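Okay, structure first, notes after.
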Amino acid sequence: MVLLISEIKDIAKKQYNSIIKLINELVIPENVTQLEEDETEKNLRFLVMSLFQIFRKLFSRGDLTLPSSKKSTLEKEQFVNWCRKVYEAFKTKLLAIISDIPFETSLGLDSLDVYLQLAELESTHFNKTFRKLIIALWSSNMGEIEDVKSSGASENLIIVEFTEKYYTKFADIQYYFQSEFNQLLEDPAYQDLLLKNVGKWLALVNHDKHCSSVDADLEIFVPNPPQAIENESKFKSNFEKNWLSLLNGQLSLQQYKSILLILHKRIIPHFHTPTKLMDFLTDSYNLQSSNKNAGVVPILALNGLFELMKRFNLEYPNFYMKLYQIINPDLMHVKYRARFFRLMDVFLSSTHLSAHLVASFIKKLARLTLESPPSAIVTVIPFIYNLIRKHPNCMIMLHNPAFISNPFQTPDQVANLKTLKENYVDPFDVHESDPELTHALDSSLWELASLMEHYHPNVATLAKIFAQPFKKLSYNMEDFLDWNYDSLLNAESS
Amino acid sequence: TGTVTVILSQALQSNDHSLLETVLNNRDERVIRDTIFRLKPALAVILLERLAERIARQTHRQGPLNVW
Amino acid sequence: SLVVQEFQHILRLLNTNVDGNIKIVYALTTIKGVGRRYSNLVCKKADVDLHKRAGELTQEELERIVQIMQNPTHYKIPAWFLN
Amino acid sequence: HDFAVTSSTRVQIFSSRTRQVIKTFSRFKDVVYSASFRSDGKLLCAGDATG
Amino acid sequence: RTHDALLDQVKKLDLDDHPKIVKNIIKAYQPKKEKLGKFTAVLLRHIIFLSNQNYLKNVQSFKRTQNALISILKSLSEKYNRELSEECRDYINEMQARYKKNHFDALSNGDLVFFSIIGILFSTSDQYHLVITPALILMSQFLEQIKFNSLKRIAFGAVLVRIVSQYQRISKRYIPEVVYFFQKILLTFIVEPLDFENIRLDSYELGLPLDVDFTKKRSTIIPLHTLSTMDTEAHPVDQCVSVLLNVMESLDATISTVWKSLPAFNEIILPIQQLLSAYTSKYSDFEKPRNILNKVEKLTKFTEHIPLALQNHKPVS
Amino acid sequence: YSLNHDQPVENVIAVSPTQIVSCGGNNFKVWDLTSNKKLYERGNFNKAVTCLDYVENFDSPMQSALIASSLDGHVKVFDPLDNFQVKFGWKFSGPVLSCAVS
């Protein structure tokens, strides 16, 4: 309507004065955006989007025409007016992206695109602009974004689409992203803003395609790079400073699990101080509380901790003792158990473990097979089988040569076997924490006999292989590892 | 909160000059405070012996070590 | 007191069951279709130690041997040495 | 002037003045466990992984 | 008889009590392949909508209608198994999709009636089947994955364990998920703790005090599933101790049919042993825990409890 | 007779005609068998130890030297003349498994 008329007038066009008036209208569009936060023109924002597109076109025309490169007569006015108009338009776009607590998709996308084009033209005709716009975006927040409890960190509209079409494509912005947040964390008010918007950086960092990821390449936004590939060590320094500040400031439970997962998978190749992350991981693994949701960070904590031992040989005292402590039915019911059991494989693949350790672990996992869901059962049958396979000095715990009887013996030995079978007791204690001290070698697996008396045909077939003689060694745990209820449904239907 | 405490304890239980210099490269005073807070007393005593020793060996190192 | 080290039994390369407790040259000989001197030349062009067993030769070396033996004219093997 | 080192299915006797591979015992099936010399410097024993 | 909505509208325009006779006459006219197969589909869908819809009529006026529909389903199922199995498979797919769309907001007492109809109708003792085994693992996931924080879902799991207890009364197998369900429901009853934190239960708002008479005239099983599981949000103590005695009765029934033959029953029942000993320690009168403790002491003195003979094989020729 | 080393002993070393070495676990205990009791103990190591050897009466200012590798590249030299006190130490990055002296 009126915005479209002003757009047409500015496009047809004292042309500088007319453009300034149009820019004043597009800056009063901030008050219009406040009214949109009240009500987006009967919930539509079509006129607002049209005005934003008009402002973008006008900014493009202004960047093509008026500049501050050459100076002569009235150059101060004729350049500074255009520069201030461009700055005011960029500020209006930033404030529209900033104060919009209301979920305005079209307006937010228009603001993001206008900021993109303005940043490009601003480089080419003037990093500081990025400071201002990341301040606007990190002041943006909504309730659907803040404190994601089920999965994910932040369901922002604006900042997340800013990343999925702006951040993961250009490595030059990526270096000027991390290098500014150090300066932004040196600012106290904006540091407090970051620590309040802690999850926004998690939604920014879960995207796997940072500049340190050498597996793929990224294109370039500005046609002139201001030395964005200066040092990979300085890029990792920016990364690690931002991450140490973030981990020290204002954490929570779901974001703790998320940060620890991304710290296992993506952060360590992008990192530089594994001793700092080592102490952070010792705190994350030794964190023991009565909270039923905070009692399960040891899983990926010990995962990343073992990655850190493999990179550099540190130490964790009573290591397999803490393993025996943490092996819980909560691990049977959480969903990180597949990667935890991969960790359990590279844990128990050592050649210095003994009969007591293996008997304790096989027996505890036998009690968990007595009480565990069946996809977890087809996950953990390989461990019993192949671990009994790699250590055959414990195999007596499946059959006793003195307890098996035969007709070709003396009645004296028959009576001796009868009184010993009456004398037999169960000496295993689940409450002893030392696996070397647990006497799990004398106890067989009637729970594995129950697993032979399971209900599912595939689980019963696996336990019938367990009852059959162990003929082979390679079992392909990766194939027999990741199955679910829905996956078993699809497989049995197929 | 981001200390290096377990690493200080491991190195001062089992002396390695490489771990000593690699953890001594830090200079952040909050890390210094939190480490010596969650540090053992006798381990801190032998650490201060080692600190005087390394200050005397390379006095140029004593700059960031004068605050430790 | 844990020590972590870096083996395989009978295995599958080019659809032939090949033993892992034997020398690698004669393992690539008992690969069907190819023989002694061809096997020796493939291990030479793959730059592996001929005194290794087939439980050795990690998987990137193994796929290098497969790539070289399945593109022979592209790995300095002459047409008169070709079958 | 010589010393034996166990390895993957192989014992390697190195020299001392040269520090080079002098002898390679590789007649084994699996990885050797122990390698010990006699009191008279001629006969060595190699514990294997077959028992 | 050609469409679900059409057949339902016909039965409703008739009369839901006489719709049994109406559908019986329609089936008789049809029998006097395709028509009867579509009739089976629309009739199973209509009885499932009846079980979703109403329970207000008592056992003199609704359950005879429902059993007449069950008997005409028995005739059509003794005549037809192919299209019936196809219909049960499609019901599996649609109910798994409902589970995915809503974890708990898209479950149905009609689906419960469907699982009971399957468990009574089909060959129960089979190992592998196109209907039974997908329905068995569907009941398994239905039990294990629901967020137990209400007596309606508690009773759903209880009658689910009842159906699988018939399943393993005839077929005689074992469910570690039902073991976990017993421990979970007992910890949710006695959360009110120091000795059980390994179960990972959900909510701490329901419990069990010492205010129950638990007499013979006190509430037995008597499960009015569309009445009790829809009216248990108003929560008196007699319904709570009733559903406790129901899950205990299904526990002991499953024991006496299959778990005595289970070789691992001692360590199967050891958490249940500690749980029920805590029950008797806190309440000091409970006759059914006392008798179940007596039965499991008899089973732990009668069971061999010797190391097995898994690596005992004949020498090869 | 027995001598109890609670953590798993991994190497037995007859250093003196009267003394031996329990080389296992994070520490290592040097015993005297003629007195049938541990003469000294040294828990100077980070990881559980894996190797210990001894050399005596050779071209050195220290007559008796005791090398002990503990699975970090870390080999440490003590001396029974100075009651098994730390005298030197080398660190190789890879986890050391064995060590030997000429």
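Letters for chains follow the order of the structure tokens (A, B, ...), residue numbers begin at 1 for each chain, and ligand numbers begin at 1 in the order shown.
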With a cut-off of 10 Å and counting only C-alpha atoms, select all residues of chain C in contact with chain D and give the selection as a PyMOL selection string.
chain C and resi 7+21-22+51-53+55-56
Which parts of chain F does DSSP call strand (DSSP E) when run on the backbone here, written out as a ChimeraX atom specification?
/F:9-13,19-24,28-32,37-42,51-56,64-69,74-78,88-91
With DSSP run on the backbone, what are the helix (DSSP H, G or I) residues within chain C? I'd like them as a VMD selection string.
chain C and resid 24 to 30 36 to 46 59 to 70
From the options F:78, F:54, F:92, F:45, which residue's atoms come nearest to chain B, counting only C-alpha atoms?
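The shortest atom-to-atom distance to chain B comes from F:45.
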Compute the set of chain F residues within 10 Å of chain D, using only C-alpha atoms, and express it as a PyMOL selection string.
chain F and resi 98+100-102
Would you mind exporting the chosen residues as a short mmCIF file (atom, residue, chain, number, x, y, z; two decimals), in the first residue's frame, restricted to N, CA and C atoms?
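Saved result, out_1.cif, follows:
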```cif
data_model
loop_
_atom_site.label_atom_id
_atom_site.label_comp_id
_atom_site.auth_asym_id
_atom_site.auth_seq_id
_atom_site.Cartn_x
_atom_site.Cartn_y
_atom_site.Cartn_z
N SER F 98 58.98 -52.64 28.00
CA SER F 98 60.16 -53.34 28.49
C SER F 98 61.33 -52.38 28.59
N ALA F 100 65.90 -52.66 29.22
CA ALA F 100 67.07 -53.50 29.43
C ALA F 100 68.33 -52.64 29.38
N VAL F 101 69.35 -53.10 30.12
CA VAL F 101 70.64 -52.44 30.22
C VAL F 101 71.68 -53.40 29.66
N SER F 102 72.74 -52.86 29.06
CA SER F 102 73.89 -53.70 28.73
C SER F 102 74.57 -54.16 30.02
#
```
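Every chain C residue lying within 10 Å of chain A, based on only C-alpha atoms, is listed here: residues 1, 2, 3, 4, 5, 8 and 9 of chain C.
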Would you mind exporting C-alpha atoms of the selected residues as a PDB file, in the first residue's frame?
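So selection-v2.pdb came out as:
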```pdb
ATOM      1  CA  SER C   1      48.619 -52.547  34.329  1.00  0.00           C
ATOM      2  CA  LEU C   2      46.665 -52.392  31.079  1.00  0.00           C
ATOM      3  CA  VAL C   3      48.520 -52.522  27.760  1.00  0.00           C
ATOM      4  CA  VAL C   4      46.798 -51.790  24.452  1.00  0.00           C
ATOM      5  CA  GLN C   5      48.221 -53.103  21.176  1.00  0.00           C
ATOM      6  CA  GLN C   8      42.644 -61.753  11.340  1.00  0.00           C
ATOM      7  CA  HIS C   9      41.786 -65.364  10.463  1.00  0.00           C
TER       8      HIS C   9
END
```
Can you list every residue of chain B that has an atom at most 12 Å from region 7-31 of chain F, with its nearest atom pair and the distance in Å to one decimal, using only C-alpha atoms, ordered by chain then number, as a Markdown table?
```
| residue | atom | partner | partner_atom | distance |
| --- | --- | --- | --- | --- |
| B:10 | CA | F:26 | CA | 11.9 |
| B:13 | CA | F:26 | CA | 11.0 |
| B:14 | CA | F:26 | CA | 10.3 |
```
Output as a ChimeraX atom specification the set of chain A residues within 12 Å of chain F, with distances taken over only C-alpha atoms.
/A:309-319,352-354,436-437
Give me the chain B side of the contact with chain A, cut-off 10 Å, one line per residue showing its nearest atom pair and distance in Å at one decimal, counting only C-alpha atoms, sorted by chain and residue number, as JSON lines.
```
{"residue": "B:1", "atom": "CA", "partner": "A:248", "partner_atom": "CA", "distance": 5.5}
{"residue": "B:2", "atom": "CA", "partner": "A:280", "partner_atom": "CA", "distance": 5.7}
{"residue": "B:3", "atom": "CA", "partner": "A:279", "partner_atom": "CA", "distance": 6.3}
{"residue": "B:4", "atom": "CA", "partner": "A:279", "partner_atom": "CA", "distance": 5.8}
{"residue": "B:5", "atom": "CA", "partner": "A:279", "partner_atom": "CA", "distance": 7.2}
{"residue": "B:6", "atom": "CA", "partner": "A:279", "partner_atom": "CA", "distance": 6.8}
{"residue": "B:7", "atom": "CA", "partner": "A:275", "partner_atom": "CA", "distance": 7.6}
{"residue": "B:10", "atom": "CA", "partner": "A:315", "partner_atom": "CA", "distance": 8.0}
{"residue": "B:22", "atom": "CA", "partner": "A:275", "partner_atom": "CA", "distance": 9.3}
{"residue": "B:23", "atom": "CA", "partner": "A:275", "partner_atom": "CA", "distance": 8.1}
```
Convert the current residue selection to file output with N, CA and C atoms, as a PDB file, in the first residue's frame.
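Result file is selection_32.pdb:
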```pdb
ATOM      1  N   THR B   1      35.605 -26.295  37.877  1.00  0.00           N
ATOM      2  CA  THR B   1      35.419 -25.003  37.225  1.00  0.00           C
ATOM      3  C   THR B   1      36.462 -24.789  36.133  1.00  0.00           C
ATOM      4  N   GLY B   2      37.259 -25.819  35.877  1.00  0.00           N
ATOM      5  CA  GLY B   2      38.326 -25.741  34.910  1.00  0.00           C
ATOM      6  C   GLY B   2      39.722 -25.670  35.485  1.00  0.00           C
ATOM      7  N   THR B   3      40.015 -26.434  36.535  1.00  0.00           N
ATOM      8  CA  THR B   3      41.319 -26.422  37.182  1.00  0.00           C
ATOM      9  C   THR B   3      42.293 -27.293  36.391  1.00  0.00           C
ATOM     10  N   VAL B   4      43.476 -27.558  36.954  1.00  0.00           N
ATOM     11  CA  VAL B   4      44.385 -28.540  36.368  1.00  0.00           C
ATOM     12  C   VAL B   4      44.829 -29.464  37.505  1.00  0.00           C
ATOM     13  N   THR B   5      43.964 -29.593  38.518  1.00  0.00           N
ATOM     14  CA  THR B   5      44.363 -30.109  39.827  1.00  0.00           C
ATOM     15  C   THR B   5      44.834 -31.557  39.773  1.00  0.00           C
ATOM     16  N   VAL B   6      44.078 -32.427  39.093  1.00  0.00           N
ATOM     17  CA  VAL B   6      44.445 -33.841  39.022  1.00  0.00           C
ATOM     18  C   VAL B   6      45.770 -34.005  38.288  1.00  0.00           C
ATOM     19  N   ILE B   7      46.053 -33.106  37.345  1.00  0.00           N
ATOM     20  CA  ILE B   7      47.307 -33.168  36.606  1.00  0.00           C
ATOM     21  C   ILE B   7      48.468 -32.720  37.486  1.00  0.00           C
ATOM     22  N   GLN B  10      49.072 -35.711  39.812  1.00  0.00           N
ATOM     23  CA  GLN B  10      49.731 -36.821  39.132  1.00  0.00           C
ATOM     24  C   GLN B  10      51.206 -36.521  38.884  1.00  0.00           C
ATOM     25  N   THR B  22      54.678 -27.940  30.818  1.00  0.00           N
ATOM     26  CA  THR B  22      53.463 -27.830  30.022  1.00  0.00           C
ATOM     27  C   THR B  22      52.278 -27.338  30.841  1.00  0.00           C
ATOM     28  N   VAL B  23      52.237 -27.641  32.137  1.00  0.00           N
ATOM     29  CA  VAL B  23      51.185 -27.087  32.980  1.00  0.00           C
ATOM     30  C   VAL B  23      51.607 -25.745  33.581  1.00  0.00           C
TER      31      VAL B  23
END
```
How many Å lie between CA of residue 54 (chain A) and CA of residue 28 (chain A), rounded to one decimal?
14.0 Å
Identify, on the basis of only C-alpha atoms, every residue whose closest approach to region 175-190 of chain A does not exceed 9 Å; exclude the query and any residue fewer than 3 positions from it along the same chain; express the result as a PyMOL selection string.
chain A and resi 127-128+130-131+134-135+167+171-172+193-195+211+228-229+234-235+238-239+241-242+245
Writing out the chosen residues with N, CA and C atoms as a PDB file, in the first residue's frame:
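Generated output (selection01.pdb):
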```
ATOM      1  N   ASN A 127      33.623  -6.868   9.951  1.00  0.00           N
ATOM      2  CA  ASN A 127      33.808  -7.352  11.326  1.00  0.00           C
ATOM      3  C   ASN A 127      33.041  -6.524  12.375  1.00  0.00           C
ATOM      4  N   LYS A 128      33.117  -5.189  12.337  1.00  0.00           N
ATOM      5  CA  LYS A 128      32.362  -4.344  13.278  1.00  0.00           C
ATOM      6  C   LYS A 128      30.853  -4.503  13.070  1.00  0.00           C
ATOM      7  N   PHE A 130      29.577  -7.223  11.984  1.00  0.00           N
ATOM      8  CA  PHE A 130      29.271  -8.525  12.557  1.00  0.00           C
ATOM      9  C   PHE A 130      29.124  -8.443  14.061  1.00  0.00           C
ATOM     10  N   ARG A 131      29.950  -7.621  14.721  1.00  0.00           N
ATOM     11  CA  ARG A 131      29.773  -7.377  16.152  1.00  0.00           C
ATOM     12  C   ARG A 131      28.353  -6.921  16.438  1.00  0.00           C
ATOM     13  N   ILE A 134      25.668  -9.779  15.556  1.00  0.00           N
ATOM     14  CA  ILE A 134      25.643 -10.894  16.501  1.00  0.00           C
ATOM     15  C   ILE A 134      25.142 -10.429  17.860  1.00  0.00           C
ATOM     16  N   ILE A 135      25.342  -9.150  18.197  1.00  0.00           N
ATOM     17  CA  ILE A 135      24.719  -8.606  19.402  1.00  0.00           C
ATOM     18  C   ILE A 135      23.200  -8.613  19.262  1.00  0.00           C
ATOM     19  N   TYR A 167      26.190 -19.658   8.152  1.00  0.00           N
ATOM     20  CA  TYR A 167      27.411 -19.934   8.900  1.00  0.00           C
ATOM     21  C   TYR A 167      28.197 -21.115   8.348  1.00  0.00           C
ATOM     22  N   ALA A 171      33.993 -19.880   5.357  1.00  0.00           N
ATOM     23  CA  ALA A 171      35.000 -20.016   6.401  1.00  0.00           C
ATOM     24  C   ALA A 171      35.565 -18.668   6.828  1.00  0.00           C
ATOM     25  N   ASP A 172      35.406 -17.633   6.002  1.00  0.00           N
ATOM     26  CA  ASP A 172      35.939 -16.319   6.351  1.00  0.00           C
ATOM     27  C   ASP A 172      35.111 -15.671   7.452  1.00  0.00           C
ATOM     28  N   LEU A 193      25.554 -11.608  28.526  1.00  0.00           N
ATOM     29  CA  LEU A 193      24.577 -11.955  27.493  1.00  0.00           C
ATOM     30  C   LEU A 193      24.868 -13.327  26.886  1.00  0.00           C
ATOM     31  N   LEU A 194      26.148 -13.628  26.642  1.00  0.00           N
ATOM     32  CA  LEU A 194      26.535 -14.952  26.155  1.00  0.00           C
ATOM     33  C   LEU A 194      26.192 -16.036  27.169  1.00  0.00           C
ATOM     34  N   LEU A 195      26.538 -15.806  28.438  1.00  0.00           N
ATOM     35  CA  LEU A 195      26.288 -16.809  29.468  1.00  0.00           C
ATOM     36  C   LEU A 195      24.797 -17.000  29.716  1.00  0.00           C
ATOM     37  N   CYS A 211      35.644 -24.533  10.299  1.00  0.00           N
ATOM     38  CA  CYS A 211      36.797 -24.365   9.416  1.00  0.00           C
ATOM     39  C   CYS A 211      37.890 -25.384   9.702  1.00  0.00           C
ATOM     40  N   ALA A 228      41.799 -14.837   6.602  1.00  0.00           N
ATOM     41  CA  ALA A 228      40.991 -15.729   7.423  1.00  0.00           C
ATOM     42  C   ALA A 228      41.643 -17.085   7.679  1.00  0.00           C
ATOM     43  N   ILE A 229      42.738 -17.411   6.996  1.00  0.00           N
ATOM     44  CA  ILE A 229      43.366 -18.727   7.099  1.00  0.00           C
ATOM     45  C   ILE A 229      44.748 -18.490   7.708  1.00  0.00           C
ATOM     46  N   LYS A 234      45.627 -20.539  16.001  1.00  0.00           N
ATOM     47  CA  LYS A 234      44.914 -19.385  16.548  1.00  0.00           C
ATOM     48  C   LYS A 234      43.404 -19.564  16.423  1.00  0.00           C
ATOM     49  N   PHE A 235      42.956 -20.233  15.357  1.00  0.00           N
ATOM     50  CA  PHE A 235      41.542 -20.589  15.247  1.00  0.00           C
ATOM     51  C   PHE A 235      41.125 -21.525  16.379  1.00  0.00           C
ATOM     52  N   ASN A 238      40.887 -19.437  19.597  1.00  0.00           N
ATOM     53  CA  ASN A 238      39.594 -18.764  19.708  1.00  0.00           C
ATOM     54  C   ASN A 238      38.503 -19.748  20.124  1.00  0.00           C
ATOM     55  N   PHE A 239      38.476 -20.914  19.468  1.00  0.00           N
ATOM     56  CA  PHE A 239      37.538 -21.987  19.791  1.00  0.00           C
ATOM     57  C   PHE A 239      37.643 -22.408  21.253  1.00  0.00           C
ATOM     58  N   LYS A 241      39.085 -20.835  23.828  1.00  0.00           N
ATOM     59  CA  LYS A 241      38.789 -19.782  24.793  1.00  0.00           C
ATOM     60  C   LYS A 241      37.285 -19.615  24.955  1.00  0.00           C
ATOM     61  N   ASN A 242      36.561 -19.568  23.826  1.00  0.00           N
ATOM     62  CA  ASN A 242      35.103 -19.511  23.877  1.00  0.00           C
ATOM     63  C   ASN A 242      34.527 -20.720  24.604  1.00  0.00           C
ATOM     64  N   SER A 245      35.260 -20.639  28.474  1.00  0.00           N
ATOM     65  CA  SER A 245      34.366 -19.661  29.091  1.00  0.00           C
ATOM     66  C   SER A 245      32.938 -20.193  29.176  1.00  0.00           C
TER      67      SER A 245
END
```
Counting only C-alpha atoms, which residues from chain A have an atom at most 8 Å from any atom of chain E, and could you show them as a ChimeraX atom specification?
/A:292,328-330,367,369-373,397-400,403-404,421,424,443-447,449-450,453-457,466-469,485,489,492-493
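All residues of protein, DNA or RNA that reach within 12 Å of residue 25 (chain C), judged by only C-alpha atoms and not counting those fewer than 6 positions away in the chain, are residues 18, 19, 31, 34, 35, 36, 37, 38, 39, 40, 41, 42, 43, 44, 46, 48, 49, 50, 51, 52, 53, 54, 57 and 65 of chain C.
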Distance query region 15-21 of chain B at most 9 Å, only C-alpha atoms, self and fewer than 3 positions along chain excluded, as a VMD selection string
(chain B and resid 7 to 8 10 to 12 24 to 25) or (chain F and resid 44 to 46 74 89 to 91)
